[PDB]
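Reviewing the structure listed below.
Just so you know, these numbers use all the heavy atoms, side chains as well, and skip hydrogens, waters and symmetry mates. Numbers restart at 1 for each chain; the letters A, B, ... are given by sequence-line order, proteins then strands.
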Amino acid sequence: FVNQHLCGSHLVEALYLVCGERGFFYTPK
Amino acid sequence: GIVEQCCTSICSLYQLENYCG
């Protein structure tokens, strides 16, 4: 599910799913 | 940054994990 264009909430959701307990930083700039 | 890598172009697990804590 990660190998595609991921924008906006779809990108955030992927970060969430992948990073799990590690958390993540989202900086769209 | 992540948008240029995953939104404007195709994402990868490799790149997503660069942003994990």
Begin with the C-alpha distance, continue with both residues' side-chain angles, and end with the deciding distance and a verdict on side-chain contact (heavy atoms from CB on, under 4.5 Å) for B:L16 and A:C19.
CA-CA 8 Å; B:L16 291 167; A:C19 300; 5.9 Å; no

Any side-chain heavy atom of B:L13 within less than 4.5 Å of one from A:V18?
yes

Heavy-atom distance under 4.5 Å between the side chains of B:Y19 and A:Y26, does that happen here?
no

For residues 1-15 of chain A, tabulate all N or O donor-acceptor pairs below 3.5 Å that involve a side-chain atom, not counting sequence neighbours.
| from | atom 1 | to | atom 2 | distance (Å) |
| --- | --- | --- | --- | --- |
| A:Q4 | NE2 | A:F1 | O | 3.2 |

So does B:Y14 get a backbone contact from the side chain of B:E17, meaning a donor-acceptor N/O pair under 3.5 Å?
no

Measuring from atom SG of B:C11 to atom CD1 of B:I2, what distance do you get when rounded to the nearest 0.5 angstrom?
6.0 Å

How close do B:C6 and B:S12 get, counting heavy atoms only, and between which atoms?
SG-N, 4.2 Å

